[PDB]
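A.B. asks: coords below, sequence missing:
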């Protein structure tokens, strides 16, 4: 048994296909930002960021290196997983004639 409860979508319409992973410093941004905005919803994108930049600039060598090791591992897989997402697209598609082109 698994279903939703909240309404109003709750999941902003998002496209398909896998998206390349963020860089090292970025990997720590998507993890901190949430902690920033979540605690201070009064701060704007510009603020939430200006705050993180200061955090990463003061991260331990062990914390920075780890984030980098995850990138190479993330980007790599992203290519393998993506190379598959197409395996489905290459099957049954095209031919329809519409606003796409013409």
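C.D. replies: On my side now, so go ahead. Numbering: from 1, shown residues only.

A.B. asks: show me what the longest helix along the chain is packed up against.
C.D. replies: Longest helix in the chain, counting residues (DSSP state H): helix 61-89. Applying 3 or more Cβ pairs under 8 Å, 6 or more residues apart in numbering; DSSP states H and E, we find helix 61-89 packed against helix 24-27. For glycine as for every other residue, the C-beta is placed from the backbone atoms N, C-alpha and C.

A.B. asks: about what we covered before: buried stuff in the longest helix of the chain?
C.D. replies: Buried positions in helix 61-89, judged by neighbour count with 16 or more other Cβ atoms under 10 Å: 67, 71.

A.B. asks: quick one: it to chain centroid distance?
C.D. replies: 12 Å (Cα atoms, centre = their mean, to the nearest Å).

A.B. asks: ok, now stretch 42-62?
C.D. replies: Put simply, stretch 42-62 sits 18 Å off its chain's centre (Cα atoms, centre = their mean).

A.B. asks: buried stuff in it?
C.D. replies: 48-49, 51-52, 56.

A.B. asks: ends of it, how far apart?
C.D. replies: Using Cα to Cα, to the nearest Å, one end of stretch 42-62 lies 32 Å from the other.

A.B. asks: not counting it itself, show me its contacts.
C.D. replies: Stretch 42-62 is contacted from outside by 25, 28-29, 32-33, 36-37, 40, 64, 67, using Cβ atoms under 8 Å, 6 or more residues apart in numbering.

A.B. asks: can you name the residues in contact with the helix or strand harbouring residue 38?
C.D. replies: For residue 38, the element it lies in under DSSP states H and E is helix 29-39. Contacts to helix 29-39, defined as Cβ under 8 Å, 6+ apart, come from residues 22, 43, 48-49, 51-52, 55-56.

A.B. asks: please consider this matter closed, and thank you.
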